[PDB]
Structure formats: C-alpha cells, structure tokens
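Structural overview
Read off the chains here:
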Amino acid sequence: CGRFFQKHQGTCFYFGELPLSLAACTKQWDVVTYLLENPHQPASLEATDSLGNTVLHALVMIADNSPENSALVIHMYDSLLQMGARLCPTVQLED
Amino acid sequence: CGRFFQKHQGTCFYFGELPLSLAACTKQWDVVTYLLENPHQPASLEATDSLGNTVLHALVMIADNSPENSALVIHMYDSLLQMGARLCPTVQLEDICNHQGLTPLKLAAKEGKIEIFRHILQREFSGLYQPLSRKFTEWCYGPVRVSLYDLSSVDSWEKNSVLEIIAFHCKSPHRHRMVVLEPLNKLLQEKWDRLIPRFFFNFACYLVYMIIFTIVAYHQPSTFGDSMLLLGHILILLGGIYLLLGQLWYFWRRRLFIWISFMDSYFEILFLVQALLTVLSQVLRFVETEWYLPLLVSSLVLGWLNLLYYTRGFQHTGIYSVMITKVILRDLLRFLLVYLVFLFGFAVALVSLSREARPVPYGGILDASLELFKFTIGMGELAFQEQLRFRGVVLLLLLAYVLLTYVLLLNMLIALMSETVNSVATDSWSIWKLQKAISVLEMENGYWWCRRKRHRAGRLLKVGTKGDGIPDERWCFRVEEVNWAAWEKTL
Amino acid sequence: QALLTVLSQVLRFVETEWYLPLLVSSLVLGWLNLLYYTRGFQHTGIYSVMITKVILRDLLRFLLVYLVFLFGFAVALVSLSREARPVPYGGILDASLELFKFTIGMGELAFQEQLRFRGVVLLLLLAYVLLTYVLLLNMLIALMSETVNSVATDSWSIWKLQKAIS
Ligand SMILES: CC(C)CCC[C@@H](C)[C@H]1CC[C@H]2[C@@H]3CC=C4C[C@@H](O)CC[C@]4(C)[C@H]3CC[C@]12C
Ligand SMILES: CC(C)CCC[C@@H](C)[C@H]1CC[C@H]2[C@@H]3CC=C4C[C@@H](O)CC[C@]4(C)[C@H]3CC[C@]12C
C-alpha cells in the first residue's frame with residue numbers, strides 16, 4: 001500500500017496491492033499458477049486488500065473498453081475462475 | 001547553380017546543387033556511401049550551397065505530403081543521420097543554421113511539410129544511436145509508460161521556436177494540422193491551462209471598458225453629473241488610445257502576417273478599426289462637428305463583436321465561432337451577389353413602371369429596394385394596386401420576384417449552409433486549436449508597456465551519456481500514458 | 001411546479017397581489033410534465049430525447065451570440081435617434097422588442113423621415129437584418145440538422161434507459 005499503488009489522479013497504477021494480483025494483472029499465467037501450488041505456503045486466492053478487493057475485483061478495476069485490455073482481462077478472469085474451481089471447489093469467489 | 005537547378009516557377013528541380021545532395025535525393029544509398037569513404041577526398045557531409053542548405057535541408061525542401069515521397073525522405077534522413085554519427089560524432093548536423101537562419105526542423109515547420117515534421121519531432125531508435133533521438137521511453141512499470149519529448153528549439157522560451165514559426169511564419173493554408181500533433185498538443189494545452197486567469201482578466205477588463213463606453217454613450221446630451229460625464233469621456237479616450245497602441249504594436253511586430261493569416265485571426269483589423277473610430281469620434285467632439293454621434297454609435301456596435309472575440313475561450317463556442325466565419329466565407333457572398341442582381345433589376349423595373357395612373361408606391365429606387373427587401377424579411381406588401389394603369393404587369397412582376405427569390409434562393413441558401421456545416425466539422429476543431437495556440441503565444445509575451453519573464457517548460461532530465469563526455473543534459477517534456485497493446489508487445 | 005403551486009395557494013390566504021403570476025406559472029409548468037408522461041412510446045420518447053439533446057448541444061450558443069448581437073444594436077439605436085430634423089426606440093426595452101420583432105418575422109423596417117440620422121439608422125437596421133436573420137437563423141437550422149443526423153442511435157438507448165428508470 002502506497003501513494004503510487006493507490007488509485008488517484010496522477011502517477012499511479014492500481015493492481016490490487018497483492019503479488020498474486022500483480023502477477024494476474026501483468027499477464028503471466030505461469031507465475032500465477034506457481035504461487036498457488038507452493039508446498040511451503042500457497043497463496044490464498046480469496047485474500048483481500050485494504051480496500052477489500054480480491055484478485056477478481058482488481059481485474060475489473062484495471063479493465064478498459066479497449067479490445068486488447070478487454071480480451072486480456074476476460075481470459076485471465078476465466079482462467080482464475082477455473083483455477084479457483086480446481087483448488088477450492090467449496091468456496092465460490094464470485095459472491 | 002543554374003536556372004534549372006534553383007527553386008522557381010516553371011521547369012526546375014531543386015536538389016541542393018551538390019553531388020552528395022543529388023545522390024541522396026535520387027534514392028541511391030550505395031552512391032551516397034561511396035562518396036563518403038573515398039581515400040582521395042571524402043565528401044564533407046556538412047557542406048552547404050549558395051542558399052546555405054545542407055544535405056538534410058535539401059531533403060526537407062524536396063519533401064511532399066504524398067506517402068511514397070514522405071517514406072523515402074524519412075528513410076534517407078535517418079540513414080544520413082546515422083552515417084553522420086559514425087563518420088563525425090563530434091559535430092551534430094541537426095543544429096546547422098541557414099542563411100535565412102533556420103534548421104532542418106524549422107524548415108519543415110515554415111514550409112508547411114507535415115510528414116517529415118511529425119517524424120523528426122517524435123523519433124526513437126534501438127539501443128545503438130541513442131544521442132540522436134527526440135522521444136525517449138522512460139520506466140515501464142506495468143502498462144503505464146512515460147515518454148520524454150525533446151523540447152529543444154520547439155519551446156517558446158527561445159527566440160525563434162517552432163510554435164512561433166507555425167503561428168506567424170508558415171505559408172501553408174492548412175497550417176493548423178501541425179498544432180494538433182502529440183508534443184505540441186500537450187504542451188499547448190498545459191500552457192493554456194496556466195494562462196486561464198490572464199485571459200479571463202483581459203476579458204473582464206474589456207467588458208468593463210465596454211460597459212463604461214455604453215454608459216457614456218447612453219447618458220449624453222444632444223455639477224457632479226457633468227464631472228462624471230467628462231471623466232467617462234476622457235477614460236474612453238485613454239482606453240481607445242491604449243487599444244490603438246496595442247494593435248499598432250501587434251501589427252509592427254508581425255509586419256508580414258497579413259497575407260498568410262486572415263481565416264484565423266481576423267480580429268486585429270476589427271480592433272484597430274474600433275480604436276481608430278473611437279479616437280476619431282472623441283477628437284472630433286472637440287471640434288463640435290455633427291458627425292460625432294454616427295461614429296460613436298459605430299464604435300459602440302463594433303465593440304460587442306470584439307466581446308464575441310473574447311468568447312472563443314471554450315471548445316463549443318470557439319468551434320461555433322469558427323463555423324460562423326467559415327459559413328460566411330464559403331457561402332454567404334454568392335447569395336448576396338445573386339440577391340442584389342435580382343433586387344436591382346426588379347426594383348428599377350418597378351420604378352420605371354407605375355408612373356402613370358388609370359403618396360405613390362415605388363416612388364424612387366430606394367423605396368422600391370426597401371419594399372423588395374421587406375419581401376425577404378417576411379413583411380412584403382403584396383397587394384393588387386387598383387389605381388395603377390398596369391396592375392396586372394406589376395402583380396406578375398411581384399409574383400415572379402417572390403417565387404424566384406423567396407421560395408428558391410433563401411431555401412437553397414439554407415441547404416448550402418447545411419452542406420457547409422456538414423463538410424467542415426473536423427477542420428473547425430484544428431482551426432480553434434491553432435487560434436488557442438496563437439492566443440497563448442501572444443499572452444506569453446507581455447503588453448506593449450511591460451514584458452513578461454520567459455517561463456521555461458519541461459524539466460532537466462539526464463538522457464544518458466554521449467561519446468564526447470560524461471554529461472548529456474537536455475530539457476524534456478513528460479507525458480504519461482496507459483497503453484496495453486504496446487506493453488504486451490514488449491515481452 | 002409543486003413548490004410554486006403550494007406557495008401560490010398559501011399566498012392566496014394572505015390576499016397578496018402576486019397570487020396570479022405564480023398560479024399561471026404553475027399552470028404553464030404542468031403541461032410540460034404532461035409531456036413527461038408522454039414518453040411511453042418509442043417514436044414520441046425518442047422525439048422527446050432528441051428535443052432536449054438539440055437544446056443542449058446547440059440552442060445555447062445561438063442564444064449567446066443572438067443576445068450579444070441584440071444588446072449592442074439596441075443600445076446603438078437608443079443612443080442614436082434622440083434628435084429630430086411617440087418616438088421609436090425610446091428606451092432599451094422598446095429597441096430590444098423591435099429587434100426581436102425582426103427575428104419573429106414582424107420587423108418594422110421603414111425609412112424614418114423625421115429623424116436626423118435617417119441613413120445611419122437604415123444602414124444599422126439593414127446590417128442587423130442581413131447578419132442576424134439571414135445568417136444566424138439559417139445556420140441554426142443547419143446545426144440542428146447536423147445534430148439530428150448525428151444522434152440517431154444514441155436517443156434509442158437513452159430512451160431505453162429512461163424506461164428502465166421508470
Ligand atoms: C454597423 C457596423 C459597424 C457593424 C457591422 C460589422 C461589420 C464590420 C461586419 C464586417 C465583417 C463582419 C464580421 C466578420 C465575421 C464575424 C465572426 C463571427 O464569429 C462573429 C461576427 C463577425 C465579427 C462579423 C460581424 C459583422 C462584421 C464585423
Ligand atoms: C413560464 C415558464 C414557467 C414556462 C417555461 C418552462 C421553463 C421552466 C423552461 C426551462 C427548461 C425548459 C424545459 C427543458 C426541456 C424540455 C424537455 C422537452 O421534451 C419538453 C420541453 C421542456 C420540458 C422544456 C420546456 C420549457 C422549460 C421547462
């Protein structure tokens with residue numbers, strides 16, 4: 001959490017202030033995957049931030065109406081939803 | 001140097017009157033290369049000609065707005081720049097002046113050539129040949145990317161900048177297209193944003209002056225009140241003198257704009273005329289001449305149109321004001337020409353007719369013209385005059401005028417205005433942006449009595465190290481952007 | 001409308017003379033709300049949306065320019081024509097009313113013979129007519145044509161959102 005990381009008017013880029021959120025927003029499916037199957041300590045896919053946003057909220061926040069950004073956020077959203085289904089099929093992330 | 005080789009109107013082809021310039025302009029990279037590595041005598045790449053142009057100036061001169069020519073001149077320009085870097089890395093070719101005083105970048109601005117101008121203004125190369133670049137991409141943390149544009153010889157802080165050349169020196173008709181490109185667009189916008197208070201302060205001062213003028217003109221006859229009237233009159237005299245001095249100073253500073261610029265400014269003449277009329281009326285009052293009042297009311301009329309001048313400070317109203325003048329110029333004058341040709345003949349026919357019976361309507365030419373104009377203003381008296389001897393002929397002439405000037409011409413004028421408004425949508429935006437640029441450039445300088453201090457734009461960002469020493473400093477303008485396609489391409 | 005109606009009704013109890021203007025203002029404003037209720041059909045709903053979009057996009061610039069033209073010419077006409085060789089253009093309101101009669105199609109354009117500056121007055125009137133009536137009104141028609149052409153598809157979605165809100 002910092003001035004550059006919060007959403008304001010100026011020099012900033014909000015990504016969810018989470019390593020998993022950053023990896024998802026930066027278009028790397030391999031890094032997102034690897035954080036999840038760590039034997040040491042897996043990254044919880046339902047963790048939140050100061051604003052309370054999750055990995056799925058952050059993707060919505062960084063979304064634009066441009067074609068490429070929309071395609072990227074759609075694909076990442078679907079992939080993360082499937083990954084949440086295979087990891088944790090009890091809790092549903094959409095609600 | 002010869003008649004065929006100089007730039008004139010007729011049979012000519014200017015190429016720089018140099019073998020190296022000819023080879024560069026004739027699309028042969030091998031010949032250009034070979035002239036440079038001759039053991040006998042290499043061809044100096046910084047040599048000039050009678051006009052003083054170099055190899056880079058000549059490429060700018062022969063440039064056109066066609067795609068193929070623009071691509072050729074761009075590629076040759078970049079190749080020659082790299083070749084100059086490898087041969088002579090001490091001297092830089094871009095800042096070589098001319099006999100006129102211009103650089104290759106300033107020639108592109110003054111000659112109205114836009115493709116090479118936009119390419120030179122924003123260029124970036126790969127890892128090799130960094131120093132000879134204008135746009136530099138700084139940190140790329142995620143999809144947000146920050147660009148740094150070189151502000152050298154393009155910032156209005158210097159004496160003869162690119163913006164001043166475009167606004168007051170370019171001969172091209174469509175010279176506004178150059179002020180709506182990236183760097184200039186952003187820089188001009190922030191300059192205008194910094195200049196809102198002074199612009200609206202000038203507007204308020206002019207509004208107060210016009211209110212005082214209106215009050216003085218209204219409360220004037222054919223003590224305290226007399227003292228206030230005299231104070232108002234002398235204040236108007238000084239205000240008119242001030243406006244006249246300002247207009248004269250503006251005309252003297254840019255002696256040669258009056259041919260290039262009429263579509264965009266066209267208010268300096270109006271301000272000059274208003275000031276002259278006001279001063280002339282005020283001085284003529286001292287003689288107690290009867291022609292005071294017409295001159296005073298003419299100045300009163302012309303003042304509020306300059307108030308409309310001050311109104312072009314917003315996007316909607318500015319484009320509307322541009323469109324008004326463009327509609328006036330493109331199609332109002334043809335309609336007036338045809339209208340008066342119709343009016344004069346019909347009025348003369350009506351006057352010559354209806355002089356014998358069986359006051360008097362159509363007594364003279366002025367009365368007939370007034371009646372026929374009442375027809376177009378919607379107040380035409382169309383009656384069957386019974387006392388006339390040629391009643392049917394008069395009625396037929398009136399009907400023929402009505403169905404041929406009122407039904408046809410006015411509605412056709414409406415249609416032509418519709419077409420004109422449809423056709424010039426995108427042009428008015430650029431014209432208004434150029435108008436804002438001119439206003440900003442004028443406000444950057446002070447008034448004719450006080451000069452503002454030049455506020456430099458951009459920050460002093462280090463852009464690395466050159467091959468001559470450790471420091472390499474240049475003033476750059478920063479712009480942020482959030483681009484997702486470009487970011488995803490670079491991985 | 002509700003505030004004006006309630007204020008007029010309560011002001012009647014005081015027997016104040018400003019009852020009737022407030023009551024007639026409420027009466028005027030009621031039928032425009034009746035037009036509110038009219039946006040229940042596709043054609044009329046999109047028409048109502050287009051009316052407001054034409055008003056917002058281009059009616060205000062025209063009024064601004066129109067009043068700037070009107071005020072200066074009216075003041076010039078009032079300051080002029082105060083000496084001879086009732087009286088037309090007696091004050092600012094009368095001059096404004098005459099110049100507006102010009103745009104409503106009832107402009108009295110005559111060569112006043114009793115004035116001392118007949119030619120100047122006639123030239124000013126002609127310059128107002130050919131610059132406000134011929135130019136500005138027809139240009140306004142053209143701008144409305146362009147606006148109606150440009151916003152065809154947007155009004156449908158705006159009306160659908162209006163239905164959703166209702
Ligand atoms: C009685 C006389 C002095 C008033 C008539 C004005 C005369 C000078 C004519 C000549 C050229 C005309 C101007 C040229 C075009 C414009 C730009 C437009 O955006 C506002 C109206 C305005 C400014 C016109 C107003 C009328 C005009 C000024
Ligand atoms: C004498 C006075 C009270 C009557 C004039 C009405 C006043 C309030 C003005 C101000 C804003 C205007 C309204 C704004 C826009 C619309 C929507 C349009 O689809 C119907 C007309 C209508 C409703 C206008 C009617 C006139 C209006 C209501």
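Residues numbered from 1 in each chain as written, not as in the entry; some residues may be left out. Chains lettered and ligands numbered in written order. Part of a larger assembly, values for the part shown. Heavy atoms only, no water.

This deposited entry lists cryo-EM as its structure determination method and 2.47 Å as its resolution.

The next thing to look at is the nonpolar core. Counting residues in hydrophobic clusters, the biggest one holds 94 residues, and the most contacted among them are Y206 and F335 of chain B together with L80 of chain C. In terms of residue count, the dominant contributor to this core is helix α4 (residues 60-79) of chain C (12 residues). For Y206 of chain B, the residues in contact, after removing those within four places along its chain, are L243, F271, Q274, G303, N306, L307 and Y310 of chain B. Listed in part, the 55 residues of the second largest apolar core include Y14, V60, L80 and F477 of chain B. (Core = buried A, V, L, I, M, F, W, Y, C linked by side-chain atoms within 4.5 Å. Buried < 20%, exposed > 50% of the residue type's maximum accessible area, 1.4 Å probe, protein only. Helix = DSSP H or I, 4+ residues; strand = E, 2+ residues; numbered from the N terminus. Contact = heavy atoms within 4.5 Å.)

The next subject is the packing of helix α13 (residues 315-330) of chain B against helix α7 (residues 136-150) of chain C. How two helices pack is summed up by the angle between their axes together with the distance between the axes. It is at 11 Å that the axes of α13 of chain B and α7 of chain C come closest, and there the two elements cross at 115 degrees. When you trace α13 of chain B past α7 of chain C, the crossing you get is right-handed. Of the residues in α7 of chain C, those touching α13 of chain B at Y320, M323, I324 and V327 of chain B are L136, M139 and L143 of chain C. In terms of residue class, the contact of α13 of chain B with α7 of chain C is made up of 7 nonpolar, no polar and no charged. (Axes fitted to C-alpha atoms, helices over the stretch in contact; angles between N-to-C directions. Left-handed = near helix turned anticlockwise from the far one by under 90°. Nonpolar A, V, L, I, M, F, W, Y, C, P; charged D, E, K, R; others polar.)

Now for the site of ligand 1. In the vicinity of ligand 1, the contacting residues are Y266, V301, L305, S321, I324, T325 and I328 of chain B together with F69, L124 and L131 of chain C. Each of chains B and C places residues near ligand 1. A distance of 3.4 Å is found between an oxygen atom of ligand 1 and a side-chain nitrogen or oxygen belonging to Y266 of chain B. Taking 600 Å² as the accessible area of ligand 1 by itself, protein coverage stands at 71%. Contributing elements (two or more residues each) for the shell around ligand 1: α12 (292-310) and α13 of chain B together with α6 (118-133) of chain C. Split into classes, the residues belonging to the shell around ligand 1 amount to 8 nonpolar, 2 polar and no charged. (Near = heavy atom within 4 Å. Polar contact = N/O pair within 3.5 Å; in protein donor to acceptor, adjacent residues only side chain to side chain. Areas by Shrake-Rupley, 256 points an atom, 1.4 Å probe, with all protein chains shown as cover.)

All names here are of chain C. All residues adjacent to ligand 2 are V28, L29, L32, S48, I51 and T52. For ligand 2, the protein covers 43% of the area, taking 590 Å² as the surface of the free molecule. Elements supplying a minimum of two residues to the shell around ligand 2: α2 (19-37) and α3 (42-57). Here the residues of the shell around ligand 2 are counted per class, giving 4 nonpolar, 2 polar and no charged.

This next bit is on the interface of chain A and chain B. Each partner contributes residues to the interface: chain A has 14 residues there, and chain B has 10 residues. Buried area between chain A and chain B, summed over both chains or domains, comes out near 1,100 Å², and the portion from carbon and sulfur atoms is 70%. Here chain A and chain B share 1 salt bridge between them. Residue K27 of chain A is joined to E488 of chain B by a salt bridge in which the shortest nitrogen-to-oxygen separation is 3.3 Å. Between chain A and chain B we count 1 residue pair in polar contact in total. Contributing elements (two or more residues each) for the side of chain A that touches chain B: α1 (19-25) and α4 (67-87) of chain A. (Buried area = accessible area lost by both parts, 1.4 Å probe. Salt bridge = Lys/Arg side-chain N within 4 Å of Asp/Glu carboxyl O.)

Let us now look at the side chain of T317 of chain B. In this fold, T317 of chain B is placed in helix α13. Sequence-distant contacts of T317 of chain B, defined by excluding residues within four places in its chain, comprise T311 of chain B together with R61 and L64 of chain C.

The next thing to look at is α3 of chain C. Along an α-helix, residues three or four positions apart point the same way, because every turn accommodates 3.6 residues. Residue and element names in this part refer to chain C. The end-to-end C-alpha distance of α3 is 22 Å, a good match for the 22 Å that 16 residues give at a rise of 1.5 Å each. Among the residues of α3, those classed as buried are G45, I46, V49, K53 and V54. In this structure, the buried side of α3 is in contact with α7 and α8 (152-165). (Expected span 1.5 Å × (residues − 1).)

Moving on, we get to the interface of chain C and chain B. Counting residues at the interface gives 40 residues for chain C and 37 residues for chain B. For the pair chain C and chain B, the summed buried surface comes to about 3,700 Å²; carbon and sulfur atoms form 80% of the total. Among the residues chain C hides against chain B, the three largest losses belong to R61, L135 and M139 of chain C. Together they make up 16% of the total. Our count for the chain C to chain B interface comes out at 1 salt bridge. The partner of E290 of chain B in a salt bridge is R116 of chain C, with the nearest N and O atoms 3.5 Å apart.

Right, let's get into the sheet that holds strand β2 (residues 144-150) of chain B. Residues and elements named next belong to chain B. The 4 strands are arranged β1-β2-β4-β3 in an open sheet whose pairing can be described as antiparallel. Single-partner strands in this sheet number two, and they are β1 (135-137) and β3 (459-462). The sheet shows a mean angle of 50 degrees between the axes of neighbouring strands, taken without regard to direction. This element, helix α8 (residues 182-194), spans β2 and β4 (473-482) of the sheet and lies at about 90 degrees to β4. (Pairing = 2+ DSSP bridges.)

To continue, consider the packing of aromatic side chains. Scanning all chains against the criterion turns up 37 aromatic pairs over all chains. The interplanar angle of 75 degrees and the centroid separation of 5.4 Å between the aromatic rings of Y36 of chain C and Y37 of chain C together place this pair among those described as edge-to-face. Looking at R255 of chain B, its charged tip hangs above the ring of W252 of chain B, at a distance of 4.0 Å from the centre. (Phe/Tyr/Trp six-rings, centres within 6.5 Å; stacked < 30°, edge-to-face > 60°. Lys NZ or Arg CZ within 6 Å of the ring centre and 35° of its normal.)

This part takes up the pattern of salt bridges. Residues and elements named next belong to chain B. All told, the structure shown has 23 salt bridges over all chains when counted by the stated rule. Put simply, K110 and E111 hold a salt bridge, and the shortest N to O gap is 4.0 Å. As a salt-bridge pair, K186 and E182 come within 3.6 Å of each other at their nearest N and O atoms. Of this pair, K186 and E182 both sit in helix α8, 4 residues apart, which is roughly one turn of that helix. Residue classification places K186 among the partly exposed residues on the basis of a relative accessible area of 35%. Overlapping salt bridges bring together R134, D150 and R474 as one network.

The next subject is unusual backbone geometry. Of note in this structure, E288 of chain B is not a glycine but carries a positive phi near 60 degrees. Mapped onto the elements of the fold, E288 of chain B is located in the loop between α11 (268-286) and α12. Its identity as a non-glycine residue notwithstanding, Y89 of chain C has a phi of 55 degrees, on the positive side. With respect to the helices and strands, the residue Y89 of chain C is situated in the loop between α4 and α5 (92-103). By relative accessible area, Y89 of chain C is classed as buried at 6%.

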